[PDB]
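Okay, here we've got a single chain as structure tokens, the form deposited in one PDB entry, with questions on binding and movement later.
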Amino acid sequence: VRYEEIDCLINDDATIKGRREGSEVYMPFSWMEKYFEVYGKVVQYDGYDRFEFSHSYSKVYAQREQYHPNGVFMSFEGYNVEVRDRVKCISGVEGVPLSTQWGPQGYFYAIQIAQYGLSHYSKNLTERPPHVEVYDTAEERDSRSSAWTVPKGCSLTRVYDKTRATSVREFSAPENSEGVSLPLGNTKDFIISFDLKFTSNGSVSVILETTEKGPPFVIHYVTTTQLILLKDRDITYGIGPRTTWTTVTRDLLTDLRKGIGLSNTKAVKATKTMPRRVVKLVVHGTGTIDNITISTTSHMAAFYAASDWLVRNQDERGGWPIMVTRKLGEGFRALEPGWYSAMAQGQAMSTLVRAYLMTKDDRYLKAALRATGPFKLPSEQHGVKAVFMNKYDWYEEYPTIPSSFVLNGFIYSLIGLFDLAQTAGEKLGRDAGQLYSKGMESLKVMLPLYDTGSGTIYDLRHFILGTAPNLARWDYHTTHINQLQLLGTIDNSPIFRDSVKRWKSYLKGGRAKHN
């Protein structure tokens, strides 16, 4: 056996250093990785080690049952919406994600808000119940024995609130004072919540020990409409006046990290900083607080925040307008502020339908019903409908001029229409049902146009514009697969099963046969 070095000429161009063993040649994975865009690592278990090679990075969702409107949303149980770079932060006023853009403010992007709600809804169904720790349940025999710290000009007393039929804390602390504080001490869970009613300006601050060396970070939830601020180790979120009773719920993990990575660009700076201990809370101003709680998760609160945001922000045409200009790419006219997205409409429908089924609150269903509005108008008339080669109706993720035909957004619009049609019943759902079934006809014919024989294409701009195919990155390919296998459980066309099979093989280096 002699394992020596052999020079490898690559396409008659560059030379790299390989290995040989007689007639057999071995090529360095460090070159393969970049040349083929593939993945691998040496993984070492207890008595031996192994190189694990992977053609791609994403995985297909393992479906457990037929898809249905009131269950998990496709694969969103495994989605983490809030860690996305383009999520600037969770709004203190709205409790929903804002998207990044150029400049200090964010914009509300209904797609992102709906995905936030849908994933939290889905996780509520699949995860174990959270650990819930309630604080300040001990009743001091007198003020001196209180768990609270009440400095010089401050007040903190327990009062029976007849209207709420419970005891609450009435607090008072001048804004320049240290404020009244309650030790917390949680090292495991990072979702904080409390019932709150302010009668002046003030704030609730949470002191956070972190993996960063030095002083703790402090997150201030203040009675302003300010989005988010970072100054040294002080992070600030405006939560509004809070002059009527509400339950405030905050993910300290997300709030901390979005604060640290705050910038005026399209991408939040990634941080490896993690919370280690929720130290205490500090209150300034006057009002009342109750039910101070730290939980592992609080999924339904986030779901309803998204659902209620959607109800409140739907416009008179039934749409959620994207209030920034979007320029999809060279060849496509800019979309001016106020444009709709078929994906936004559909994802909103899926969220609203679920909220309606949980509560029986008609306003969720009415909102979903109105959302079909833009589907009936062409892209150029402030709608979402495109037509492929004068023949096939399509619902646009981006209603561009000329049309773009993005696959994944189209399918999400169909899932949304399905959720609606199935839930509204025969009479009220006919409209959504008609739009759905017509879209499904288009999808079944057009699907092969997105198949490259080793992956999928994102959209049809190569054909519409006369340019290179806009290939889908692996996790969009994985979205396509998850989407088709979902449809496969609610529509028996062989096209979905045949396409799912072949598209899955692409993840494992499979390809269509050549002649």
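Don't overthink the numbering: it's just position in the shown sequence, from 1. Superpose the two forms; the largest set of C-alphas matching within 1.5 Å is the rigid core.
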remark   = Comparing mean C-alpha B factor in the record for 413 to 421 and 174 to 182, the higher one is 174 to 182
remark   = Higher avg CA temperature factor (95 to 103 vs 112 to 120, as deposited) belongs to 95 to 103
message = Given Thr225, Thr296, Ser146, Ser205, identify the residue with the highest C-alpha B factor in the PDB entry.
response = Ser146
inquiry  = Highest recorded C-alpha temperature factor, please, choosing from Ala270, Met440, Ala306, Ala348.
reply    = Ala270
query = According to the PDB entry, is the CA B factor of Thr247 in the bottom, middle or top third of its chain, that is, lowest, middle or highest?
reply = lowest
request  = Report the third (lowest, middle or highest) to which the CA temperature factor of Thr211 belongs, ranking only the modelled residues of the same chain.
outcome  = highest
note = By the entry's values, the third containing the CA B factor of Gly318 is the middle
note = Here the Cα B-factor of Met32, set against its chain, lands in the third termed highest
remark   = Quick tally, chain-level thirds of C-alpha B-factors: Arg50 sits in the highest
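What follows is about the form deposited in another entry, which we do not show.
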inquiry  = If you fit the rigid core and then compare C-alpha positions between this form and the one not shown, only one of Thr225, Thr187, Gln105, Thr244 moves by 2 Å or more. Name it.
reply    = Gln105
inquiry  = How about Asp49 - superposed on the rigid core, does its CA move between this form and the one not shown by 2 Å or more?
reply    = yes
task = Taking the shown form as the reference, report whether the CA atoms of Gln112 and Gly103 lie closer or farther apart in the other entry; the distance changes by 3 angstroms or more.
result = closer
message = So the CA-CA distance for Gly329 and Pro104 moves by at least 3 angstroms in the other entry. Closer or farther than here?
response = closer
